[PDB]
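Chains D and A, in that order, are what the protein sequence lines are. Reading the first sequence from the start, the letters are residues 7 to 316 in the deposited numbering. Reading the second sequence from the start, the letters are residues 7 to 316 in the deposited numbering.
2 protein chains.
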Amino acid sequence: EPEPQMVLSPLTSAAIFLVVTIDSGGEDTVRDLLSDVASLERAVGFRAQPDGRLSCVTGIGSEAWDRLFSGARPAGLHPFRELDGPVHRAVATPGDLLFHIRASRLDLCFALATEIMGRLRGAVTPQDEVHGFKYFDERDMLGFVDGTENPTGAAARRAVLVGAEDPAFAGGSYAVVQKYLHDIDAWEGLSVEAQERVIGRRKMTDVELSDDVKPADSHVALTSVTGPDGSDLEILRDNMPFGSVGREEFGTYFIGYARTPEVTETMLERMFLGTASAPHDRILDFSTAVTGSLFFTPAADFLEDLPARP
Amino acid sequence: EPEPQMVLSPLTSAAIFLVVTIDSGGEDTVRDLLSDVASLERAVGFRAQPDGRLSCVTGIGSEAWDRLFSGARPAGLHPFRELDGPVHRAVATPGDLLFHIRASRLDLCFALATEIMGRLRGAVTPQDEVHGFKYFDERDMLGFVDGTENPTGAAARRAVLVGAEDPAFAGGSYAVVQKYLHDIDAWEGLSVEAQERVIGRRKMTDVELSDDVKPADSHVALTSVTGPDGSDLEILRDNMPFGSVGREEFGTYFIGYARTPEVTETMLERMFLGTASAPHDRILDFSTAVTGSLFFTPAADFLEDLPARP
Ligand code: HEM
Ligand code: HEM
Ligand code: NI
Numbered sequence: 007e008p009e010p011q012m013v014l015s016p017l018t019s020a021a022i023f024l025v026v027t028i029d030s031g032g033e034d035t036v037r038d039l040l041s042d043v044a045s046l047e048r049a050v051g052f053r054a055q056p057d058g059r060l061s062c063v064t065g066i067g068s069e070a071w072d073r074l075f076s077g078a079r080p081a082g083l084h085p086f087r088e089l090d091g092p093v094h095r096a097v098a099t100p101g102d103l104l105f106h107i108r109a110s111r112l113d114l115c116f117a118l119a120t121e122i123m124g125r126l127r128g129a130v131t132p133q134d135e136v137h138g139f140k141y142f143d144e145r146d147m148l149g150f151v152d153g154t155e156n157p158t159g160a161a162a163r164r165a166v167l168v169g170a171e172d173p174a175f176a177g178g179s180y181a182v183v184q185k186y187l188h189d190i191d192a193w194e195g196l197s198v199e200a201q202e203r204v205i206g207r208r209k210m211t212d213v214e215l216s217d218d219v220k221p222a223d224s225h226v227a228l229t230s231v232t233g234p235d236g237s238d239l240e241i242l243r244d245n246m247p248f249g250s251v252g253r254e255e256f257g258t259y260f261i262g263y264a265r266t267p268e269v270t271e272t273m274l275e276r277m278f279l280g281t282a283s284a285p286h287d288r289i290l291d292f293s294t295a296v297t298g299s300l301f302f303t304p305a306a307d308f309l310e311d312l313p314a315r316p
Numbered sequence: 007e008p009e010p011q012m013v014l015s016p017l018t019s020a021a022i023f024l025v026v027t028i029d030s031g032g033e034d035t036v037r038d039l040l041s042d043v044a045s046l047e048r049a050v051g052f053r054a055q056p057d058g059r060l061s062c063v064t065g066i067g068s069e070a071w072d073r074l075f076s077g078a079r080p081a082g083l084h085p086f087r088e089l090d091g092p093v094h095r096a097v098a099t100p101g102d103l104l105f106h107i108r109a110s111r112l113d114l115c116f117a118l119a120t121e122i123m124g125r126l127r128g129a130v131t132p133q134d135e136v137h138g139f140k141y142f143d144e145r146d147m148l149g150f151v152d153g154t155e156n157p158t159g160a161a162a163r164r165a166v167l168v169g170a171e172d173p174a175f176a177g178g179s180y181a182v183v184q185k186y187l188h189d190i191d192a193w194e195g196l197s198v199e200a201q202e203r204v205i206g207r208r209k210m211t212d213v214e215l216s217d218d219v220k221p222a223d224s225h226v227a228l229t230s231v232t233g234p235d236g237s238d239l240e241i242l243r244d245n246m247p248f249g250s251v252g253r254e255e256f257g258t259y260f261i262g263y264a265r266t267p268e269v270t271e272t273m274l275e276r277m278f279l280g281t282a283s284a285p286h287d288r289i290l291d292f293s294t295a296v297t298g299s300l301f302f303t304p305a306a307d308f309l310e311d312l313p314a315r316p
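Here it is in structure tokens:
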């Protein structure tokens, strides 16, 4: 009986990512928005349903949580753990609140972000805002199909949603975000055969590389992680391309939901710190991370009925 | 039997507007892109047909025209005439090339814009770049249905496409652009009735105010122009909203196609300078123009078989 937010969304061609920090003494204005946000989603979204598919997933940062809520905390909620790799850095940037707004059209996402930020105006300071558009064939900014091996339906739920491990917050999830910028000129200089050695899948056909062709330092290889037993651990990603052409900004907005942050964090360490037979993820030779933050996205039940302020 | 560019488009949800200036000695690269731009449009767009609806209207500024082409000039091509009215100013800004990119998906626009700019790189300098989205019910940032009294088909061609009057350039058109930003706060503080007296049509039903009622300083009244004969003088507009919710920007991007700049320019004068019967367009009390430029968008034929350089 707890309802989670729309962490498992259908395919949606548009998205707006909003990350803000809570000003001095903006705690109260925020908690009012947190209650209404579900209702607000419904207002912007209900006409233009069922095509629209407008949703919002709201996330709360580690430190912001303590300023906002009394009572117990989510089990594994900390601030984003910065990774200072030998070559590549996973930076950690400020964010107190996350709004993951998605729809089938960008104007719906825009209308709902306007409502959210309108009532938050004066209590929060914008940190990041990016509008994402999906390609007509699910490909990302590097030209590869993006999202293929995402857990689906029932296993997705089990991989993403808090359960009996933290009963107090079952139905919530942990969201990790990173805004990446690509060296498109560099990447496109590569042969397609060389690019597939980077990702770990065939570009066009989207078939994964056989176990002994797939390089140890390819993306798909490093992001496959298993548990201490004979079973593999997965996350839910909804990557969204973005960019400004004039500024030569070509991006991938990464977002990854998981039952516990330790899964996503493992994958991050393998990509940036590398393993024994892999100095790092080759995707990083073409992708530079300019922000990263960690949030708990609660059950929608938690937002309707908040705890008293600490 | 000269084919115009896709000035008359279907209805498109997405748009990118590019304005660049041409650097010293960039003229040659620019010409090479102009010759290939229709080609590139096909390249990006065909594999998305029919539903893609991707198109690019390419336009050239008055000064850039003499740097690029020998031979005849279009009869009406001058720089955007700055208007310095009693209250409001229509700024004139830098711009040599216009790329009016439209499709049903924002990603189709982004992709063509990437190819174009990649070619133009090293030879031009970005001046303006707006990504526009259209609301599901064809409304703009002011919440009024935008585009209702636009001309259609036969009447539109007659209104927009250069004819026998300037034969060397039949199939062309003159485009005027202005990026507008709105005092959204001010605007939303009016009553719906108040707002309708600003626009000249009823907000929610899009019926035009009757003659007696419609204020003489309302937007529709001021942009309703007749010639030296009885009949009306029309233009084709494809206004697009754009915005950033974080830095509190809510805008309309104006683009106005006409058979001769004179019609558009006349309207712009009544709006910013006034009338016997009105100080200025009431719409300007909520909208600030931040860019202005005038371009000639040649026949498709012209770009593919370019004149010699001078
Ligand atoms: C610029 C950033 C990124 C790009 C362009 C990108 C792109 C891709 C692509 C093309 C695939 C192909 C296979 C598939 O979609 O199933 C993939 C898979 C995957 N990615 Fe990434 N990705 C990015 C960042 C990340 C990050 C930061 C993580 C952090 C955990 C991550 C985790 C994964 C996982 C777990 C898979 C599937 C693993 C499997 O095949 O079992 N990705 N990504
Ligand atoms: C802030 C910028 C602007 C906004 C928000 C805006 C919006 C609108 C709206 C809501 C209408 C209602 C009627 C219709 O859609 O046909 C309209 C009509 C019109 N506008 Fe604008 N517009 C803007 C700028 C301009 C500019 C710069 C011109 C320059 C000539 C212009 C010329 C016209 C014309 C000719 C009509 C229709 C006239 C008729 O009813 O016969 N507009 N606009
Ligand atoms: Ni490397």
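For every residue, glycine included, the Cβ atom is placed at its ideal position computed from N, Cα and C.
- Put simply, the backbone Cα of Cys-62(D) is about 35 Å away from that of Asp-223(D).
- Using a CB distance below 9 Å, the part of the region 51-79 of chain D facing chain A consists of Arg-53, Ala-54, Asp-57, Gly-58, ordered along the chain.
- Contact of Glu-202(D) with chain A by beta-carbon distance below 8 Å is absent, the smallest such distance being about 21 Å.
- Collapsing the DSSP output to three states places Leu-126(A) in a helix.
- Apart from sequence neighbours up to five positions away, the residues of its chain that approach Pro-221(A) with a beta-carbon distance below 6 Å are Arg-203, ordered along the chain.
- For the C-beta of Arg-111(A), the chain D residues within less than 9 Å are, from N- to C-terminus, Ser-19, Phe-139, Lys-140, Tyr-141, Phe-142.
- Within chain D, not a single residue places a beta-carbon under 9 Å from that of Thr-211(A); the smallest gap is close to 16 Å.
- About 13 Å separates the beta carbons of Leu-112(D) and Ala-54(D), which is beyond the 8 Å limit, so they are not a contact pair.
- For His-225(D), the uninterrupted alpha helix (DSSP H) segment begins and ends at 225-228.
- Chain D has a Cβ within less than 9 Å of the Cβ of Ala-119(A).
- The C-beta separation of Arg-95(A) from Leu-103(A) comes to about 24 Å, leaving the pair out of contact by the 8 Å criterion.
- Of the residues assessed, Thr-303(D) falls on the buried side of the cut-off, its CB having 16 or more other CB atoms within 10 angstroms.
- The C-alpha of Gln-184(A) lies about 12 Å from the C-alpha of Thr-270(A).
- Two segments are said to touch when three or more pairs of C-beta atoms, one from each, lie closer than 8 Å; by this definition the region 255-266 of chain D does not touch the region 194-214 of chain D.
- For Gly-249(D), the nearest beta carbon of chain A is closer than 9 Å to its own beta carbon.
- Contact note: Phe-292(D) does not reach chain A at a C-beta cutoff of 7 Å; the least C-beta distance is about 16 Å.
- Ranked by how close their Cα comes to the Cα of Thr-18(D), the residues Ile-28(D), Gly-298(D), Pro-157(D), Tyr-141(D) have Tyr-141(D) in first place.
- For the pair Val-251(A) and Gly-298(D), the Cα-to-Cα distance works out to about 21 Å.
- Contact check for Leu-24(D) against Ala-129(D) fails: the beta carbons are separated by 9 Å or more.
- Straight across, the Cα-Cα distance linking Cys-115(D) with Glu-268(A) is about 39 Å.
- When Cβ-Cβ separations below 9 Å define contact, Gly-177(A) makes no contact with chain D.
- Apart from the 5 residues on each side of it in sequence, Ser-110(A) sits with its Cβ closer than 7 Å to the Cβ of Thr-18, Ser-19, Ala-20, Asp-57, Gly-58, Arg-59 in its chain, given in chain order.
- Within the DSSP bridge table, the entry for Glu-214(D) names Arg-207(D) as partners.
- Here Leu-46(A) carries a helix assignment [DSSP, helix/strand/coil].
- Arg-37(D) has its alpha-carbon roughly 8 Å from the corresponding atom of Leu-312(D).
- For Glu-171(D) and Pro-10(D), the gap between their C-alpha atoms comes out near 16 Å.
- Counting only the Cα atoms, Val-136(D) lies some 30 Å from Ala-181(A).
- Around the C-beta of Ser-179(A), 16 or more other C-beta atoms lie within 10 Å, and the residue is accordingly described as buried.
- Inclusion of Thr-35(A) and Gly-101(A) in the CB contact set at 9 Å is not warranted, their separation being larger than that value.
- C-alpha of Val-166(A) to C-alpha of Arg-265(A): approximately 4 Å in a straight line.
- Residue pairing of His-106(D) in beta bridges, as defined by DSSP: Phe-23(D), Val-63(D).
- The beta-carbon of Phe-116(A) is placed less than 9 Å from the nearest beta-carbon of chain D.
- Not one heavy atom of ligand 3 lies closer than 8 Å to the C-beta of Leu-46(D).
- Residue pairing from DSSP places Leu-300(D) in a beta bridge opposite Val-182(D).
- Scanning its chain for C-beta atoms nearer than 6 Å, with the 5 sequence neighbours on each side dropped, one finds around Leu-126(D) the residues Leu-39, in chain order.
- The residues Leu-40, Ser-41, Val-43, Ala-44, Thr-64, in chain order, have a CB closer than 7 Å to that of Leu-309(D) in the same chain once the five nearest residues on each side in sequence are set aside.
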